[PDB]
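Contents: one structure, followed by commentary.
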Amino acid sequence: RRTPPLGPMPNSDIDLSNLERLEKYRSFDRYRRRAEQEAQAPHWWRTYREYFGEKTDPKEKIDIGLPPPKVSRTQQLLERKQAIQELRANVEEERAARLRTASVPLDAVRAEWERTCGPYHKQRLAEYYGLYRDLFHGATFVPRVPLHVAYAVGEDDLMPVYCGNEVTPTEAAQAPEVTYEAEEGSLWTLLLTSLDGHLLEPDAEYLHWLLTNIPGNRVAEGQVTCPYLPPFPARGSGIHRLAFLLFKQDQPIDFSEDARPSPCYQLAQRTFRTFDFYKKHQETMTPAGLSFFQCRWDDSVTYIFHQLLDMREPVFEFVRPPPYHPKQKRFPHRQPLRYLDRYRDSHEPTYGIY
Amino acid sequence: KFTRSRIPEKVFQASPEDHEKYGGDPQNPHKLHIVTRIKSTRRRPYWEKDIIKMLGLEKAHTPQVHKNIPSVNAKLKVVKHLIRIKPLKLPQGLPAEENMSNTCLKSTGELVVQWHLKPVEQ
Amino acid sequence: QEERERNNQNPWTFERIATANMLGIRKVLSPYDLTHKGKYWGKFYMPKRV
Amino acid sequence: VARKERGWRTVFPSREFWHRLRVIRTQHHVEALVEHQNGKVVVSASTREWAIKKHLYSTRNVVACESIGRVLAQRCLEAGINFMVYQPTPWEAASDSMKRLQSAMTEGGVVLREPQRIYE
Amino acid sequence: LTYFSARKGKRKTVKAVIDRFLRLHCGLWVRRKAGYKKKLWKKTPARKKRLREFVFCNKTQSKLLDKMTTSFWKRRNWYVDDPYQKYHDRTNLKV
Amino acid sequence: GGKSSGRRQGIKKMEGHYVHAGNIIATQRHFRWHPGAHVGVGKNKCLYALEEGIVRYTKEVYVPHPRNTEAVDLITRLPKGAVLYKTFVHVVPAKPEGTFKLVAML
Amino acid sequence: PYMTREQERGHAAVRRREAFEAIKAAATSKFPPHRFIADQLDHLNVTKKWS
Amino acid sequence: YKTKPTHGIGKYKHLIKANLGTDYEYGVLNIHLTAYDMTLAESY
RNA sequence: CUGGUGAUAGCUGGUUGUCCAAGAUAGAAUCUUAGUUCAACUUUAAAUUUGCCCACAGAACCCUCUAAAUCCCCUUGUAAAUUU
RNA sequence: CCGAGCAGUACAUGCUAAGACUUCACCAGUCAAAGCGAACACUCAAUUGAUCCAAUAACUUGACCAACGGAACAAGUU
Ligand SMILES: [K+]
Ligand SMILES: [Mg+2]
Ligand SMILES: [Mg+2]
Ligand SMILES: [Mg+2]
Ligand SMILES: [Mg+2]
Ligand SMILES: [Mg+2]
Ligand SMILES: [Mg+2]
Ligand SMILES: [Mg+2]
């Protein structure tokens, strides 16, 4: 019995007649590149992506970010080509490149990177950590406004937070310094949330900082709706992630419903949901920047639960499922002597009635 | 080698001439069957013997009612040469609680709910 | 031969019964009989069979 | 403690990793990718962007390959990625352009070998 | 097997079973692997590893050895520092 | 001779079957089924499950290792655009590695 | 067919499951019958006679 | 599997290869490059 | 001739009242194929919970191609099944 | 109808230990995560032989037991 294929065969297009006059791969790299291209296309037969690939919805994720900047491509290309010609005009650059001694300044490259494609890389990077999945239930946005947040450690050093870098709670015991480019007369709203810091509701999140109606770049003048609270990841609970949300306001907004007492050391009031918060403020508020970091447990976390939160610090542990053993049989034929130990509870001798 | 038979799906596709020949209606398929075994399971493969036991068709010439569903029909497509399949007719509708003791199945497939044993006055 | 098959007045044919396993007839038939349709028995060919 | 995709012994490359360094060099440009095992790309570094192109005399020489690693390593630290695997071919590994790219990643603070999974 | 002795009139025990097999009081019989001392130079370490292991017997072989030995070997012993003391009883066994 | 009996080699666990770590999935004389995700291969090309889960068979692109001379020499003579396919068997894990549980309140 | 494959699926799972639970109840209720003291004493009537 | 629609997906032998001069195409030609200098003959 | 001797015999023949119930054809080793042991099958008792039928899906390339099918298997019909 | 009763490379060809396959029984045979210890489950379709016994301080070794599941040792002829 035979069944016709449900679609085109893989190598159906190849002509078997003129096999001698067909160009060959001749190399492993050429076949490898072509092989990967066909592996990324859907097929009517069962594939590895069907069972192990991450399922996605056909509806494309909606964008809630700022409108993209308007740039004249024709003018941009003329200046870009001219600059390269002058760079190649120098006889020293060619010799340095030919002698394999040339190098580029790291600081200058990142300066242009953050302006052209930095926001685009951050959106892809934030998607990997599931920030869009948790905060906005899949909604994405491009961070058109770069956000520079750094925690003050001592008096001379700073701990920059770019995207998910490891930061200890000791460095984050005090409110960081927030700097971002903005025009005068604009209104902003900062927000810091702990997605994984919650101890009771997996879905809910903990509020650690909430500044509203920030005039321009002057963060201090912004209203303190909720006082800053350092992250408190429990010991043995893994690695948590805290995200800085930078909102842009078009008109002044009233946050009386979201107001919290100062200080706010109750976790019930610290409970916060980004999805519901942005849902009722999406009309006149739109996210513009994004920053986040990863935080572990240290000794400073113990001070937060005892003194600040006035509670006992919880300790978690990574528990693995018990090993699988088949149902015990009366006659374990050909099994080794250690068969009976796998089904024994205690290692100490027993005597029954004796 | 003698093995099981795979019936093509084209066999169970009624033509327009068949609907006016047996009195069926493709738009309103019947709900229940009336299967009656008319052939012996002896000298037949063992798998056909089992299906007769599954359907409760042990004794021949004994009507049994089954549901017109693909899973039940799947078993009937294997022992179709041993049974007679007839749709169940309900001129008075489904039997009620007061009609359980007065039902009667006729050879035409109709299940009457008033079996009076009296000649028609008409 | 094709005309004979088309205008045949018998509603029952070897091909129809064999493929549909009517009356359990495949118990006494052959796997090749589903394709021969009764036109070939052993090494002999019967042109009169439709 | 996260499980790695073991297997694929009869094919190339392996899948037993959490992150992988994949370098793509075309006729005119050189690009390096850091991607998770599931296929999602974490960070990227290519010569097609004007930020790197404006300082490169040529985007297809050894200098371009070395400069990609220094920028990519800086982005990996900011992103938080420190361990990744590299699966080159015998001819790519012997190439001078890949040796300098690996040197930049190691000098940039990124380790070219992941720690073993903890089973117990 | 001598079902009735010619002097005492009681069943005898085959000494071939005692010199080869060990009986646990739970009812299991422990034996060695046939060939764990023969031609070890041509056997792989994995094969030799399971040759020097003490294995059990199935339902039929265990019942066979029970009929070939008397009740003296089915008693419960309390040897001091017995390596197999913990194996005389079954734990978490259902049906 | 020729009095040799069959080796009883083939598929031991079919599609959708629940398997545990170490279970043998298929025994084969040659690489009829290639090891996929969470599937190991022994000396005798025996496929065993590396994780507890569900067994799946898929058709995947066969990419030889550069060291393997015979398989690499086969793809160098293929017409451009042709891609080789082979059957792969995967095990989809069902349980996670572990869970975090509260152990004390200090 | 009156119903399709999808419509039919799961439409009898409750009754099928309950029918097997009745099989388990009878299977696991197997036990020796109760032994009464009246039955033992009734055998003394075999020697019952007239005065 | 043979009964499955994806039968023969792994086939590769038909993609691998297993003289008379016609009136329209020359069969076999040998190009002789004779010179006293070995470098030019090898280069040409 | 008596005794050991009721020698032994994988061989031949025989193997006594009534009634009911379940019940047949895979193999392996053997100085073994007129036998026996094990397994399969069959019987009884007991424990337990799934068993059978089976929707898609799934099971290989070769020496070029090619049959009836089979395994697996949710539903559903049914009441068997595994273990001791 | 063609073979096999080996050979080569190792010297962790070390020690342990979940879960499985199994030549239709048994015997025997095969794969193997993790762990310890080191490095940075060898190739090969078959390439083999049980118990007793003997040798040995010990580790280990011993049959064309080829009638190859092998009786410690016995041919003709009526
Ligand atoms: K013999
Ligand atoms: Mg006698
Ligand atoms: Mg009877
Ligand atoms: Mg013999
Ligand atoms: Mg089922
Ligand atoms: Mg077996
Ligand atoms: Mg023999
Ligand atoms: Mg044998």
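Worth pointing out:
- Violating pairs (Cα-Cα greater than 27 angstrom) within the set D:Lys40/H:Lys4; B:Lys67/B:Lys118; C:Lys37/H:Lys2; B:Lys39/H:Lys4: D:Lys40/H:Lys4; B:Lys67/B:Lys118; B:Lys39/H:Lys4
- Between the listed residues A:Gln174, A:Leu99, A:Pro314, the Cα displaced farthest toward the positive end of the dipole of chain A, a dipole computed from Cβ unit charges relative to the Cα centre, is found at A:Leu99.
- D:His19 long-range amide H proximity, modeled H, under 5 Å: D:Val85
- Cβ-placed point charges (K, R +1; D, E -1), dipole of chain F about Cα centre in debye, nearest 20: 500
- Look at E:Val30, A:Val142, A:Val109 and count the other Cβ atoms within 10 Å of each Cβ; fewest to most, that gives E:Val30, A:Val142, A:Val109.
- Each residue in B:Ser101, B:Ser5 was given a count of other beta-carbon atoms within 10 angstrom of its own, and listing them fewest first yields B:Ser101, B:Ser5.
- Each of A:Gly238, A:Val224, A:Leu267 was scored by the projection of its Cα onto the charge dipole of segment A:221-274, and the greatest displacement toward the positive side belongs to A:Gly238; charges sit on the C-beta of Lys, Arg, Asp and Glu.
- Exercise: per-residue mean of other protein chain Cβ atoms within 10 Å, A:316-322: 6
- Estimated distance in nm for a label pair at E:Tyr3 and F:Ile24, the labels positioned 7 Å out from Cα along Cα-to-Cβ: 4.3
- Think of each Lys and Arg Cβ as +1 and each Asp and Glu Cβ as -1; about the Cα centre, that makes the dipole of segment E:18-61 roughly 400 debye.
- Fraction of antiparallel bridges per DSSP, the protein assembly as shown only, in percent to nearest 5: 90
- Nearest 10 degrees, 0 to 90: helix G:13-27 Cα axis against chain G principal axis: 20
- About its Cα centre, chain B has a charge dipole of approximately 1060 debye under the convention of +1 per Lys or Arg Cβ and -1 per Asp or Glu Cβ, with nothing else charged.
- Note on B:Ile52, A:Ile353: ascending count of other Cβ atoms within 10 Å places them as A:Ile353, B:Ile52, the fewest first.
- Placing unit charges on each Cβ (+1 for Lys and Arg, -1 for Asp and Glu) gives chain D a dipole about its Cα centre, and among D:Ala104, D:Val71, D:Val42 the Cα reaching farthest toward its positive end belongs to D:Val42.
- Average beta-carbon neighbours from other chains, 10 Å sphere, peptide A:19-25: 5
- Folded to 0 to 90 degrees: helix D:62-79 orientation relative to chain D principal axis, Cα: 50
- Separation of chain G from segment A:50-111 is 81 Å, based on Cα centroids.
- Set A:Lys81/D:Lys54; A:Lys70/D:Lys53; A:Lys248/A:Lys280 screened for pairs whose C-alpha atoms are more than 19 Å apart: A:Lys70/D:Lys53
- Normalised contact order of chain B, rounded percent, pairs of Cα under 8 Å and 6 or more residues apart: 24
- Contact order for chain A, expressed relative to its length and based on alpha carbon pairs under 8 Å spaced 6+ residues apart, stands at 15 percent.
- Note, ³J(HN,Hα) from phi for segment G:33-45, Karplus 6.51, -1.76, 1.60, rounded to Hz, x at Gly and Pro: x, 5, 9, 9, 7, 5, 4, 5, 6, 6, 6, 6, 6
- Shielding value for A:338-349 is 3, the average number of Cβ atoms from other chains within 10 Å of each residue's Cβ.
- Near A:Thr140, the amide H atoms lying under 5 Å from its own belong to A:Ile62, A:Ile64; only residues 5 or more places off or on other chains count, and H is placed 1.01 Å from N.
- Nearest 10 degrees, 0 to 90: helix D:96-107 Cα axis against chain D principal axis: 70
- Protection proxy ranking, peptides E:12-21, G:41-50, average beta carbon neighbours within 10 Å, highest first: E:12-21, G:41-50
No value in this document is a laboratory result; all are computed from the given coordinates. Positions of Cβ are backbone-derived with ideal geometry, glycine not excepted, and every protein chain shown enters the neighbour counts.
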